[PDB]
Amino acid sequence: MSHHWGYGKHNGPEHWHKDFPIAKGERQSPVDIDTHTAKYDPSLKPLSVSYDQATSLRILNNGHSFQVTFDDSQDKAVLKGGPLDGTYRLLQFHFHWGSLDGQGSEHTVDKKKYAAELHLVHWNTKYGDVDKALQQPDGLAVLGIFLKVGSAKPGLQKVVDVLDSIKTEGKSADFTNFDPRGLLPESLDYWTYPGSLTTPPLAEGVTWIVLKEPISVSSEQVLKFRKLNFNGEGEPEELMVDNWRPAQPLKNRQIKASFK
Ligand SMILES: NS(=O)(=O)c1ccc(NC(=O)Nc2ccc(C(F)(F)F)cc2)cc1
Ligand SMILES: [Cl-]
Ligand SMILES: [Zn+2]
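Throughout the structure, instances matching the rule amount to 15 aromatic pairs. Centre to centre, the rings of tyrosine 7 and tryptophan 16 are 5.6 Å apart; their planes meet at 75 degrees, and the pair counts as edge-to-face. A single burial state applies to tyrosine 7 and to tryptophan 16, both of which are buried. Taken together, a centroid distance of 5.6 Å and an interplanar angle of 65 degrees make the contact between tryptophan 191 and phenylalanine 259 edge-to-face. Taken as a pair, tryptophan 191 in strand β12 (residues 190-195) and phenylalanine 259 in the segment after β15 (256-257) lie far apart in primary sequence, 68 residues in all. With respect to burial, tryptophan 191 and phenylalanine 259 carry one shared label: buried. By the ring-pair criterion, three or more aromatic residues cluster together here, those being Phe66, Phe70, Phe93, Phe95, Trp97, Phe175, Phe178 and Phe225. Across from the ring centre of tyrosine 114, 5.1 Å away, lies the NZ or CZ of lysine 112, which sits over that ring. One residue, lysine 212, lies across the ring of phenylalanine 259, its end atom 5.0 Å from the ring centre.

So this is what it looks like as structure tokens:
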């Protein structure tokens, strides 16, 4: 609540700049996507999402989200095309969500907040490892996908099923043989802009690719997210909800759209 960065009144996003002054930088994320200002760019290529050989490893409650990690030693699950130059390897995905269904997303669309947001995090292979990539202005690409409540997303259910085994900070479980293709919406139409990580260290090295089409997840799926805990085992129970950073100033940036 004050012993480490987080999302509460005493350690949340308004405090982060003290340890990470780039929090007040020129290319911070998330942002509000004003759909009427975004520019259709007919020269953007279709996004290429190649996840058929993805090799998942573990699922972890890291005290700020839950995250599924992948083997990124080789080009297995990669993102290419769109605004990207070269090849970006999938490292991990995680979510941000709310306490109620009208908040939880980091990006907004014409100020609209979604119930949650999925981030599929990739790094640029030209830098050899993620640690080096994190120091570059084009080191990372994050594919952001909004979640709204509707019918269940079948490809999310194996994630939901394991959450009770990682309730508290520091717990992990085996999470091999998970196929992230099951998390995507039908359309790959997107907005893109240059930004940052949305958690410390807030590094300004991300090409954001935010899909226009949300996925629908069921009420029961989101309720299971909201049973996770921020705290470690034995500490006062603080439900892991509202683990989202609000929109940051756009400053000197243009958001581009892949679609008219
Ligand atoms: N919310 S967001 O999508 O903007 C976002 C925020 C923070 C990160 N940070 C990392 O993935 N860091 C990282 C992972 C993994 C490793 C490894 F263990 F592999 F070296 C070393 C660093 C990514 C994305
Ligand atoms: Cl604390
Ligand atoms: Zn994220």
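So, next bit.
Taken together, 13 residues form the shell around ligand 1, and within it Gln92, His94, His119, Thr198 and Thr199 come nearest. Within the side chain of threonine 198, an N or O atom sits 2.9 Å from a nitrogen atom of ligand 1. Here ligand 1 has 530 Å² of accessible area as a free molecule, and 68% of this is covered by the chains. Applying the majority rule of atoms within 2 Å of the grid points places ligand 1 in the second largest pocket. Contributions of two or more residues to the shell around ligand 1 are made by β7 (88-97) and β9 (116-124). Its residues placed into classes, the shell around ligand 1 shows 7 nonpolar, 6 polar and no charged.

Analysis parameters
Residues numbered from 1 in each chain as written, not as in the entry; some residues may be left out. Chains lettered and ligands numbered in written order. Heavy atoms only, no water. Residues with missing side-chain atoms left out of burial classes, pairs and counts. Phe/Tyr/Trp six-rings, centres within 6.5 Å; stacked < 30°, edge-to-face > 60°. Buried < 20%, exposed > 50% of the residue type's maximum accessible area, 1.4 Å probe, protein only. Helix = DSSP H or I, 4+ residues; strand = E, 2+ residues; numbered from the N terminus. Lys NZ or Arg CZ within 6 Å of the ring centre and 35° of its normal. Near = heavy atom within 4 Å. Polar contact = N/O pair within 3.5 Å; in protein donor to acceptor, adjacent residues only side chain to side chain. Areas by Shrake-Rupley, 256 points an atom, 1.4 Å probe, with all protein chains shown as cover. 1 Å grid on protein atoms, 1.4 Å probe; cavity = no way out; pocket = protein on both sides within 12 Å on 5 of 7 lines; lining within 4 Å. Sits in = over half its atoms within 2 Å of the grid points. Nonpolar A, V, L, I, M, F, W, Y, C, P; charged D, E, K, R; others polar.

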